[PDB]
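Here is how names work: the chains are called A, B, and so on, in the same order as the sequence lines, proteins then strands, and each is numbered from 1.
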Amino acid sequence: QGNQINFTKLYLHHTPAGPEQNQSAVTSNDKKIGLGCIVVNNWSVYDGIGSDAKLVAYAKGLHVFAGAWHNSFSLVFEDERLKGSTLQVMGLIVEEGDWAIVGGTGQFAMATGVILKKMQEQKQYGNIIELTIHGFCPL
Amino acid sequence: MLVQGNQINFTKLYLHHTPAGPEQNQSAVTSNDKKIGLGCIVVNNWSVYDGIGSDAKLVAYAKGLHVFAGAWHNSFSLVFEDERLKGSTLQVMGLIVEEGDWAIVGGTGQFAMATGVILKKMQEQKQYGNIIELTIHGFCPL
Amino acid sequence: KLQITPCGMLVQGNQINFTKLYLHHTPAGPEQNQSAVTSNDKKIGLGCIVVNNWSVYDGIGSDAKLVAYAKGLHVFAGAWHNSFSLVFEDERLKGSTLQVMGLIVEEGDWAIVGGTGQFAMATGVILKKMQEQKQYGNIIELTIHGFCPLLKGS
Ligand SMILES: [Ca+2]
Ligand SMILES: [Cl-]
Ligand SMILES: [Cl-]
Ligand SMILES: [Cl-]
Ligand SMILES: [Cl-]
Ligand SMILES: [Cl-]
């Protein structure tokens, strides 16, 4: 009938360059049209900032540049409490704005909600994005 | 039990699907495999207008991709441009570009957690593209 | 025109009741039904995109009637992430689709993220169980659990 979501703040490592690069462009923009670059991403997601943070999930999917980045990815949890579960995520922009939680699996079967993105830290080779998960699942 | 929300009905939107020509608004970045007959991937930034006439205002973009798997499977963000609806999106997924239906699989902003369908009907067939009438039927929980 | 109308929704309004389906995942051979169209980046270990038109049957015998196709793509980002339309063939179910998205082709689970026609607003999951491994592909058993909500109020 309704159960909300019990997360703290997550921090996604969006790293396009450097020796820890976790995404790759597989097509280029059409120069005439101004779109078409497709990037495939395996973004690590941590439970905090700093060397003591634990990796709790990966964001595995793709984003395509259609004048802005459209995303589709599986948020696959690795921490023991949620291992076996995913949230399915889709929407616009990587580093700010919102994404939609369009479904899920495991403990998140039938999840619906949103993920709010805020810039947390800009590093040399990438950035860290604060994720705030709001949503619910039916019981 | 029940989830309080708002049913959302949006009529008379017109999507400009323009594969070619000076107003081309999508690009194929892969080709169909010769032997299997599938594989073309097209990235699209389709404009969506509030009317068919000369005075129609652009009110959204459909930003995403579609892939040819014997028919075209679509995944995109319908991003609204009205300073009113600014930022808010509907997340759209499904088969066929010019006819049939798409699923509304989620949303953001004023359309957070949207669920529903988009109905497509071709309105005008032109030399380099077509105009597709869209009808949105959706529900957003509060 | 944008019409915003107060309404109620019951999620368990209409359960999606199917029998078991059987998906044919065939990467090679004379019945190959998918193609890889981008390459993995060797430096990063990800990037390959495959476009698929998987056939789906209602049984494992020769008299199994094809009832659907799974039309979409999967992308390798350390694991295969899937996005496809499940397009049904039979009359009454003609035109109707389930929208499916999630990780892994042959095991685990997928989300039902939406639908059209009779499956408008579908929500749920598809469980995958390996059913048979053949020379050019495998057959995957599909178990559908989900609901279509009914709207009320207004
Ligand atoms: Ca959904
Ligand atoms: Cl990026
Ligand atoms: Cl963007
Ligand atoms: Cl082609
Ligand atoms: Cl089509
Ligand atoms: Cl996999």
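Closest of all the heavy-atom pairs between C:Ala111 and A:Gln88 is CB-CG, 3.7 Å. For A:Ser74 against C:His81, the heavy-atom pair with the smallest separation is OG-ND1, 2.6 Å. When all heavy atoms are compared, the tightest approach of A:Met110 to C:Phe147 is SD-CD1, 3.7 Å.
None of C:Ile112, C:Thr123, C:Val113 except one satisfies the side-chain contact (heavy atoms from CB on, under 4.5 Å) rule with A:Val102; the exception is C:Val113.
The most heavy-atom pairs under 4.5 Å with chain C, out of A:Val26, A:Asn22, A:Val40, come from A:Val40.
A side-chain donor from one of C:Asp41 and A:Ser24 sits under 3.5 Å from a side-chain acceptor of the other.
Annotation for A:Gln122: atom CD counts as buried by contact number, over 12 foreign heavy atoms lying within 6.0 Å. Within a 6.0 Å radius of CD in C:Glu31, other residues, nucleotides and ligands contribute 12 heavy atoms or fewer.
Within the 4.5 angstrom heavy-atom criterion, only side-chain atoms of A:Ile38, from C-beta onward, approach chain C. Proximity to chain A is limited to the backbone of C:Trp110, based on heavy atoms less than 4.5 angstrom apart. Of the atoms belonging to C:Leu127, not a single heavy atom falls under 4.5 Å from chain A.
Between the CG atom of A:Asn41 and the CG atom of C:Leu46 there is a distance of 8.0 Å, given to the nearest 0.5 Å. Within the model, atoms CH2 of C:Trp80 and NZ of A:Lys60 stand 13.0 Å from one another, a figure rounded to the nearest 0.5 Å. Once rounded to the nearest 0.5 Å, the distance linking OG1 of A:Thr86 with CG of C:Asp109 reads 7.5 Å.
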